[PDB]
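Novice: Mind having a look at this structure? Questions to follow.
Virtual Cβ from ideal backbone geometry, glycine too; neighbours counted across all protein chains shown. A short reminder: the numbers here are calculations on the coordinates, not readings from a lab.
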Amino acid sequence: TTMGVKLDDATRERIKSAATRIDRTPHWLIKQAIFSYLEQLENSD
Amino acid sequence: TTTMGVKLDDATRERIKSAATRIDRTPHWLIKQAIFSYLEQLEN
DNA sequence: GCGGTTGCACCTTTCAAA
DNA sequence: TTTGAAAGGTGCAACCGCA
């Protein structure tokens, strides 16, 4: 049900501060980041 | 550093494995990079 | 140790079966 | 109505190959 990503503290810090601004969890944020990146890769030519 | 879990369904994990392969990187690398690009998008 | 990866254990919120 | 499984969330422990 999960994958794991090894992050350092600074990146974890940025994720949390960014997620709070947009009224979402860090977890939601990472998933959306993944969906957005995959669409770019899949829509590329 | 620590490992952060992400709840991903099977279709999404295969989309990742497939995209990772055709850019010559690991699934781990793709997720990390996804995170960094998305933070750049938010912060810009 | 870092990148890559597995596998878990506990938390909170949501919401239909009982 | 209650209640616990499912969904969404979080992060610890430890494997590998590597350098």
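Novice: Let me spell it out: the conditions are (1) surrounded by fewer than 13 Cβ atoms within 10 Å (Cβ to Cβ); (2) charged (D, E, K, R); (3) not in a loop (DSSP other than H, G, I, E, B), and residue A:23 meets all of them except one. Which number is the exception?
Specialist: (3)
Novice: Also: Where residues in chain A are of a type in the set (A, V, I, L, M, F, W, C) and within 13 Å of residue B:30 (Cβ to Cβ), which of them is farthest from the other protein chains (Cβ to nearest Cβ)? First the steps, then the outcome.
Specialist: So the first thing to find is which residues in chain A are of a type in the set (A, V, I, L, M, F, W, C), and the list is A:3, A:5, A:7, A:10, A:15, A:18-19, A:22, A:28-30, A:33-35, A:38, A:41.
Okay, now just the ones that are also within 13 Å of residue B:30 (Cβ to Cβ), so A:3, A:5, A:30, A:33-35, A:38, A:41.
On the way: A:3: 5, A:5: 5, A:30: 5, A:33: 3, A:34: 5, A:35: 8, A:38: 5, A:41: 4 Å.
Here the answer is A:35.
Novice: Also, I was wondering about something else. Is it the case that region B:22-29 has a residue that's of a type in the set (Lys, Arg), within 12 Å of DNA strand C (Cβ to nearest atom) and within 12 Å of residue A:3 (Cβ to Cβ)?
Specialist: Checking region B:22-29: not a single residue is of a type in the set (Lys, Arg), within 12 Å of DNA strand C (Cβ to nearest atom) and within 12 Å of residue A:3 (Cβ to Cβ).
Novice: Moving on to the next point. Can you name the residue in region B:1-10 that is within 8 Å of DNA strand D (Cβ to nearest atom) and aliphatic (A, V, I, L, M) and, of all such residues, is nearest to residue A:6 (Cα to Cα)?
Specialist: Across region B:1-10, the extreme among qualifying residues is B:4.
Novice: If we scan region B:11-19, do we find a residue that is part of a strand (DSSP E or B) and either away from DNA strand D (no atom under 14 Å from the Cβ) or surrounded by 11 or more Cβ atoms within 10 Å (Cβ to Cβ) (or both)?
Specialist: Scanning region B:11-19, I find no residue that is part of a strand (DSSP E or B) and either away from DNA strand D (no atom under 14 Å from the Cβ) or surrounded by 11 or more Cβ atoms within 10 Å (Cβ to Cβ) (or both), so the answer is no.
Novice: Still on this structure: Regarding residue B:32, is this residue charged (D, E, K, R) and either buried (at least 17 other Cβ atoms within 10 Å of the Cβ) or part of a loop (DSSP other than H, G, I, E, B) (or both)?
Specialist: When the stated conditions are applied, residue B:32 passes them.
Novice: Right, something else. Out of (1) within 15 Å of DNA strand D (Cβ to nearest atom); (2) closer than 23 Å to residue A:22 by Cβ; (3) polar (S, T, N, Q), the odd one out for residue B:41 is which?
Specialist: The number of the failed condition is (1).
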